[PDB]
Amino acid sequence: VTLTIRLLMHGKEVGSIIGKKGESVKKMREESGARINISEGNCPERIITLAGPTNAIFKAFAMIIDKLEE
Amino acid sequence: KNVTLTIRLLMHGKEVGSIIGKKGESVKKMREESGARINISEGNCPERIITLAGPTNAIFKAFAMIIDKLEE
DNA sequence: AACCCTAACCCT
């Protein structure tokens with residue numbers, strides 16, 4: 001069973017999730033096995049989609065919250 | 001390094017339906033058990049926002065309960 | 001990698 005979770009993000013939060021050259025979001029894709037989409041735009045209010053089996057969603061979520069805590 | 005976070009999740013109304021539960025009993029138990037502040041945007045929408053806030057571990061506990069809810 | 005920091009990090 002694959003779940004699809006959408007988070008709402010602020011653009012500052014989003015930058016640290018992508019990281020320099022996308023190296024952070026790269027790491028997250030590889031290590032979580034979640035499909036991660038970050039809405040295209042230099043926009044003030046951004047959507048992060050996480051899709052996959054529960055373990056993948058959980059890994060990806062845990063990594064996002066570690067980024068936001070800094 | 002913040003010890004409190006706020007996460008928002010974008011949810012369809014049928015999903016919010018199961019998260020709240022009958023007489024709000026599922027979100028009551030999530031609140032009590034996670035220790036997170038859980039806000040569900042009000043009313044009748046089709047497209048609702050769930051805000052989780054509190055200690056990181058509280059966030060993660062609430063989120064798991066949300067997921068556990070959604071996969072049933 | 002550098003006298004090579006921070007503030008901003010923008011990828012599928």
Side-chain angles (χ1 to χ4, degrees), chain A, chain B residues 1-21 24-72:
Chain A
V1 200
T2 50
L3 291 124
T4 296
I5 294 307
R6 287 117 72 230
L7 319 160
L8 258 172
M9 311 291 322
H10 288 126
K12 71 226 173 144
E13 292 172 330
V14 169
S16 85
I17 294 150
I18 300 174
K20 284 176 197 193
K21 285 131 151 64
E23 47 111 286
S24 305
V25 64
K26 187 182 167 183
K27 197 107 280 190
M28 287 182 31
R29 295 179 163 124
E30 279 153 358
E31 287 175 3
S32 67
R35 300 188 5 257
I36 314 177
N37 180 268
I38 309 164
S39 54
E40 222 171 311
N42 173 221
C43 181
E45 192 101 280
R46 290 246 238 159
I47 303 148
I48 306 192
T49 313
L50 313 172
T54 46
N55 81 284
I57 302 295
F58 279 135
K59 292 187 271 166
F61 188 73
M63 294 170 87
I64 285 161
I65 55 191
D66 297 332
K67 274 305 177 300
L68 303 184
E69 111 177 282
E70 252 76 58
Chain B
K1 174 184 137 149
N2 319 114
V3 79
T4 46
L5 296 133
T6 306
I7 299 309
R8 289 111 73 218
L9 314 184
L10 252 194
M11 299 259 304
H12 302 231
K14 58 193 179 179
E15 296 177 290
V16 167
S18 72
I19 291 168
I20 298 182
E25 68 212 332
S26 303
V27 65
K28 179 185 197 137
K29 189 173 309 271
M30 285 180 196
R31 289 180 175 122
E32 283 168 341
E33 292 196 321
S34 72
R37 183 163 73 267
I38 305 183
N39 176 274
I40 303 167
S41 60
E42 218 180 324
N44 179 239
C45 210
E47 181 89 63
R48 332 257 304 253
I49 298 163
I50 303 176
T51 306
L52 313 179
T56 347
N57 194 54
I59 300 311
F60 187 87
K61 289 192 299 180
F63 185 77
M65 297 172 81
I66 293 176
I67 286 320
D68 265 82
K69 204 43 125 203
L70 288 181
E71 59 174 345
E72 104 208 0

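FYI, side chains are in, hydrogens and waters are out, and symmetry mates aren't considered; it's all heavy atoms of this structure. Numbers restart at 1 for each chain; the letters A, B, ... are given by sequence-line order, proteins then strands.
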Do you know which of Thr49(A), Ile47(A), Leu7(A), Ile48(A) makes side-chain contact (heavy atoms from CB on, under 4.5 Å) with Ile38(A)?
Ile48(A)
So which protein nitrogen or oxygen atoms get under 3.5 Å of nucleotides 8-12 of chain C's nitrogens or oxygens?
unit_1	atom_1	unit_2	atom_2	d
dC9(C)	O3'	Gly19(A)	O	3.4
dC9(C)	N1	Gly15(A)	O	3.4
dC10(C)	OP1	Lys21(A)	N	3.0
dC10(C)	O2	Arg46(A)	NH1	3.3
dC10(C)	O2	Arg46(A)	NH2	2.7
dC10(C)	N3	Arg46(A)	NH2	2.4
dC10(C)	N4	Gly11(A)	O	3.3
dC11(C)	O2	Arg29(A)	NH1	3.0
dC11(C)	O2	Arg29(A)	NH2	3.1
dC11(C)	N4	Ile38(A)	O	2.9
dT12(C)	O4'	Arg29(A)	NH1	3.4
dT12(C)	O4	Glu40(A)	OE1	3.3

How far, in whole Å, is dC5(C) from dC9(C) if one measures between their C1' atoms?
16 Å
Search all heavy atoms of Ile65(A) against all heavy atoms of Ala62(A) and return the closest pair with its distance.
CG1-O, 3.2 Å
What pucker, north or south, follows for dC9(C) from the sign of the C1'-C2'-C3'-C4' torsion?
south
Span that lies between the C1' atom of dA2(C) and that of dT6(C), in whole angstrom:
15 Å
With a 4.0 Å cut-off on N to O distance, would you call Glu70(A) and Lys1(B) a salt bridge?
no
May I ask you to decide if the ring planes of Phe58(A) and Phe63(B) are parallel, tilted or perpendicular, using 30° and 60° as cut-offs?
perpendicular
So, taking the atom named CG in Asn2(B) and the one named OG1 in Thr56(B), what distance separates them when rounded to the nearest 0.5 Å?
9.0 Å
